[PDB]
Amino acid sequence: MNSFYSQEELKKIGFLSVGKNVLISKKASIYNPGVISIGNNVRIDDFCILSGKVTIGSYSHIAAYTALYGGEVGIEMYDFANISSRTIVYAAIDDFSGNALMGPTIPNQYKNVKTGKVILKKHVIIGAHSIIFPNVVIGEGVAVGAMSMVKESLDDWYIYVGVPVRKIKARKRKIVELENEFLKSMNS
């Protein structure tokens, strides 16, 4: 079986924009579709939450249980980015230091929210069960491993692991040759 919205159901959601061959589980939660833009060949699985400003490009899988909280500043994924199961991307988070009250039950003047656009560049893969914090640019071709925590931007074409992550090895660039091949074969 599958849990995906039909094309009929999709156009009734009211995305700021949505492309072709978009498969979106009826069991995901989509909050504020008015600020959510999605390209072509995108699949979003059961129990995902997309909230606030989120922009997804094309050829991207958001695997089950993944939450994207784009808030006002937004989360943006470029083409060929993918996010494995049970990841959270936060574009805003509370201050844990004890210098501020916390969370949605408390008015803003008492909090100290850190917020900043989160960008996943082309070919980024986030491994399962990871967390990405606000104001983070995940550079082009970065892979982060399973159970990763990323609090700061990550330099392009490396593999990172750990809590918080550290750089462990280069990511190979062959995938860019494969991208160009795949795309060329779609044009001719």
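Don't overthink the numbering: it's just position in the shown sequence, from 1.
25-33 set against 131-139, stretch whose average Cα temperature factor tops the other in the entry: Higher mean C-alpha B-factor in the PDB entry: 25-33.
Residue stretch of maximal mean CA temperature factor, 152-160 vs 34-42: Averaging CA B-factors over each stretch, the winner is 34-42.
Per the PDB entry, maximal CA B factor within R166, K11, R173, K169: Of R166, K11, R173, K169, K11 has the highest C-alpha B-factor.
Given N82, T87, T115, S97, the residue at which the Cα B factor reaches its maximum: By C-alpha B-factor in the record, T115 ranks first.
Chain-relative CA temperature factor third for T66: Lowest third.
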